[PDB]
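Values quoted throughout were computed directly from the atomic coordinates according to the rules given, and no laboratory measurement underlies them. Cβ: placed from backbone, ideal geometry, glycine included. Neighbour counts: every protein chain shown.
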């Protein structure tokens, strides 16, 4: 007798859009975070060596991060 | 013991001390009765368009649509350029504009003359 | 004694619910509504937004910023180790100038 | 159907021989639709 | 500006003056005992010239009473926390979700609450069954072309519900 | 850039020979793929611009606006159903192909090497918008709105062509580098003053400034959502883009002759922010908001500081996103209740519990919330104009106060306090509208994390 | 706030604070009795009665209603309507 029916408008569409939003962001949020972490913990960034004598680098091998 | 309560355009005259409410004509009684009749007929039509279980959309208040089309589109007719309208138009449209234009001319001429002399505080004034 | 019209009494307000309770945003086809929701939340977020965030999160040094950092470090080390003041003014050499006379 | 369409009186303005009637252009009757003047 | 009549009454105007002055004297006068003294003084001041047989002298004393009241009112009167201007005044208007809604739910949430939705279905059938003939006949039978009042008649003919009851019965609980 | 021109062409017969109830999915999917491929452009580095031909080339001013165009296409192509979903298949395909052709001329216009080509694709952008707003305007003065749009934008924009032909045959070609690397000062004669007034006044019409701004609000309140959002965002920011490019010539006389336009822009910015505080017709508030912010953009362009140009392009991109989104929420409320007014559709905190977050977040991105891009743009414009004069910052902050006032009044008017309890037709919020809101907001916050993209040439 | 209320409580409390008043008597005081008609107190004191119920239960009732209560049964009914006294 103490409890009564309380009225709240239609939380189902709220919850459905929120669940779909988080799932279809995190479907390739976590694999890309795992990918970038495994890159910069198992491949190296680079070192800062000078240009050797009689040698040319390309337009890559000027950049720190390996995915860059 | 009373300061007579002078009104203003912001301090509204309250419904108690009018004092025109206390000497009453019969035509004012007729007017109040017919005004009650108008509000009663409007509430009757509204409540009959309000409690239909078949009705779905909005109630289509004609006074709101009438006020909106009175306020937006029906300003331009009617209009004639009067001496009052032309005077107030050239006052509110051009006056303050030419005032701020005069003060910007004054400030810029002072500043450029002062830096032509060079006695500003631009010892380092880098992010211009 | 006139009407001036003959068309339908219009409209009927199209409640997009009450025939698909599981419906997404648009009209009452059951399959292609699901395909629209799936394609906008996959090929609009899962491959566009997050991969765009990783792409423009890091890329080559945009408008030559970190190169400018490292080149300025080297040049300030040089110009402090060789006596002359760093950022000498008159960036064009006054040997290579010819003023009009008076 | 909630989209406005031009009514009869919106196309009544596209009538007569001229578009803007004045104090001198009222007698411009519209032309016969057959392009045949009656004898 | 009242639903049933056009003008209040003379007596109704004096009576509203008495309630407003007594309430402002409550707000002016704390400790409640000097309040009770001053309230009985006010009641005596109304009693001293209550039995005057004129009418223009009655409206004379009423008008000067409003003058000598509006002189001596109180700036922030103690209005209750449900009145307009009060402390709450639809505090809980956050939660008055109306009951034309709650039918736009998904059927799984309707499968969570079986009995309340079944009884709402029978109330809605009671609304739809007894709408047209009874209510519209009682509303288009007794009035004149001008209604001239806002009191609407009860249903006393034979049977069913009074006219125009739905959005007066099914209002929220005011403390949800 | 041809790799962006030609799939925009190829996306057009897609819409024709896709079958019934399958044109939608194919066009949305493929335009989003075009958006990823567009985001692959961002290569621009340091010293020069990048040249995608003697015909196409990209400054770093044109890159975020181009990505904005190819990002605002699929958002719009999803945004424009439920008010033409009941119409015919042929008219539906014609509308979608018209939006694709408008995208094509916008890409033509943003990667315009030559100013003659820029003018031709400028009014080529002008062409389909009249057809869109007139055929689907859904009100009775859409004829008046489209006609004022047409004759204002032409009759301002037209002697610009004569000035560009004169520059074409007095200084050789009109590549932006050879218009640059050669540009000589033009002294205080009168013919130079009229050439300046022709070019700058054509773009003054396009922005608009205050004396020419009634061009805009009819073309927004009497137009569908697609024409409204493309019109506001891409056409006004394209006008600003064009003024940014053409102001490299005429260097000395802008100090002599550019005072009254600054004046009309400032005082009309104040008067426009004041007029959008008291109006009804919810759609029109965002229109006059756009007039106020582009008057701020005009002050920023006509003063000639690198801080001013960075703040100008940041304000352009942020306000394009914010005003397009806020148009879309206004259309969502209009699809809920067939009103267009403001004092009618009250309540909506109790009902529709999630829509409050999008209203609040869009109103705060219009409020100049401080990590957002809008405040970055407005802040650098305020810094540059206080460098211009020590006294004009009063008008900037008064614009700031009134802008916060009307934006937050627009929030707490429609969606705060009491449902009118005679509405009883509004349905809970679809997934489509909230998908559109998430496609608007999330790029703006992710640019608020890293705004080194959207700052323009003078980074 | 957690008060419980019922019709019994409001009936007994209204009849209580009408019983405590001076110039009527608890001898002939039913639930169903008018004020002017059979108890015989004046309308001025009837508005003092209404002031007492307002000052007790803690909420104003308007004078558009306070014309026409006149009997404790309708007083109990009206305040039970305003507070919505059911579970």
Using the C-alpha gyration tensor of segment E:97-173, what are the square roots of 5 times its eigenvalues, in whole angstrom, with the largest one first?
-> 32, 14, 10
Evaluate peptide F:354-360: per residue, the Cβ atoms of other protein chains within 10 Å of its Cβ; return the mean as an integer.
-> 1
Descending semi-axes in Å of segment C:17-102, equivalent ellipsoid built from Cα gyration tensor = 65, 19, 8
Normalised convex hull volume, segment F:1-65, alpha-carbon set, Å³ per residue = 77
Calculate the spin-label point distance for residue F:186 paired with residue A:8, positioning each point 7 Å from the Cα along the beta-carbon direction, and give it in nanometres.
-> 6.6
If you line up the long axis of helix E:114-129 against the longest principal axis of chain E, both from Cα atoms, how many degrees apart are they, to the nearest 10?
-> 80
Points 7 angstrom from Cα along the Cβ direction at residue C:91 and residue C:72: gap in nanometres?
-> 1.4
Report, in whole Å, the centroid distance computed from the Cα atoms of segment F:288-320 and segment E:92-154.
-> 55
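How big is D, in µm² s⁻¹, for chain E by Stokes-Einstein at 25 °C and 0.890 mPa s if Rh is the Kirkwood radius over C-alpha pairs?
Value of D from the Cα-based Kirkwood radius: 111 µm²/s.
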Could you pull out which residues in segment B:53-68 have an amide N less than 19 Å from a spot 7 Å beyond the Cα of residue B:38, following the Cα-Cβ vector?
-> B:61-68
Over the alpha-carbon set of chain A, work out the extent along each principal axis and list the three values in angstrom, largest first.
-> 91, 21, 14
Between segment F:45-96 and segment E:5-53, how many Å separate their Cα centres?
-> 75
How big is D, in µm² s⁻¹, for segment E:8-77 by Stokes-Einstein at 4 °C and 1.567 mPa s if Rh is the Kirkwood radius over C-alpha pairs?
-> 100
By per-residue mean of other Cβ atoms within 10 Å, what is the highest-first order of F:393-406, F:23-36, F:176-189?
-> F:23-36, F:393-406, F:176-189
Computed Rg/Rh of chain F, alpha carbon atoms with Kirkwood Rh = 0.95
With N residues in segment B:14-92, what two-decimal value do you get for its Cα radius of gyration over 2.2 N^0.38 Å?
-> 1.83
Per its Cα gyration tensor (rounded if a/c is under 1.5, else prolate when a/b beats b/c, else oblate), segment F:116-215 is best filed as prolate
Rounded FRET efficiency, nearest 0.05, which uses the C-beta distance separating residue C:82 from residue F:248 and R0 of 41 Å = 0.60
Relative contact order, percent, chain F [alpha-carbon distance under 8 Å, six or more residues apart] = 15
To the nearest 500 deg cm²/dmol, what mean residue ellipticity at 222 nm is calculated for chain F from DSSP H runs of n ≥ 4 alone, each contributing -39,500 (n - 2.57), summed and divided by the residues?
-> -21500 deg cm²/dmol
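Shape of segment F:34-193 from its Cα gyration tensor (a ≥ b ≥ c, root eigenvalues): rounded if a/c is under 1.5, otherwise prolate when a/b > b/c, or oblate?
Working: a/c = 3.17, a/b = 1.46, b/c = 2.17.
Oblate is the answer for segment F:34-193, as a/c is 1.5 or above yet b/c matches or exceeds a/b.
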Principal semi-axes in Å for segment F:335-459 [√(5λ), Cα gyration tensor, largest first] | 34, 20, 9
Using mean Cβ contacts within 10 Å as the protection proxy, how do F:281-287, F:78-84, B:82-88 order, highest first?
-> F:281-287, F:78-84, B:82-88
Going 7 Å from the Cα of residue A:64 in the Cα-to-Cβ direction, what parts of segment A:19-45 have a backbone nitrogen less than 17 Å from that spot?
-> A:37, A:39-45
Residue of C:12, C:66, C:80 that the Gaussian network model of chain C assigns the largest fluctuation, springs spanning Cα pairs under 10 Å = C:12
Of C:10, E:93, how do they rank once you tally other Cβ atoms within 10 Å and put the fewest first?
-> C:10, E:93
Value at 222 nm in deg cm²/dmol, rounded to 500, when DSSP H runs of n ≥ 4 in chain G each add -39,500 (n - 2.57) | -14500 deg cm²/dmol
Cβ-derived FRET efficiency at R0 60 Å, residue B:23 paired with residue F:139, nearest 0.05 = 0.70
Between residue B:15 and residue C:20, with labels modelled 7 Å along Cα→Cβ, what's the label distance in nm to one decimal, could you check?
-> 5.4
Taking every pair of Cα atoms in segment F:310-360, average 1/r, invert it to obtain the Kirkwood radius, and report Rg/Rh to two decimals.
-> 1.10
P(r) of the protein assembly as shown over all Cα-Cα pairs, binned every 10 Å from zero, in whole percent = 1, 8, 14, 17, 17, 14, 12, 8, 5, 2, 1, 0, 0
Mean-square fluctuation maximum in Gaussian network of chain B, Cα pairs under 10 Å, restricted to B:19, B:62, B:81, hits B:19
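What number, rounded to the nearest 500 deg cm²/dmol, is the helix-based mean residue ellipticity at 222 nm of chain B, given -39500 (n - 2.57) per DSSP H run of at least four residues and division by all its residues?
After summing the helix terms and dividing by residue count, I get -18500 deg cm²/dmol.
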Principal axes of chain G: Cα extent on each, largest first, Å = 38, 29, 18
Average other protein chain Cβ within 10 Å of Cβ, residues B:19-31 | 2
Per residue of F:268-275, count partner chain C-beta atoms within 10 Å of its C-beta, then hand back the mean as an integer.
-> 1
Find how many whole Å separate the alpha carbon centroid of segment F:235-275 from the alpha carbon centroid of segment G:25-87.
-> 72
Please list the radius of gyration and Dmax for segment F:390-459, considering alpha-carbon atoms only, with Å as the unit.
-> 19.0, 56
Acute angle (nearest 10 degrees) that the helix C:66-81 long axis makes with the longest principal axis of chain C, alpha-carbon atoms | 10
Evaluate E = 1/(1 + (r/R0)^6) for residue D:22 and residue C:6, where r is the Cβ-Cβ distance and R0 equals 45 Å; express this FRET efficiency to the nearest 0.05.
-> 0.80
Using alpha-carbon coordinates, inclination of helix E:33-47 to the longest axis of chain E, degrees = 80
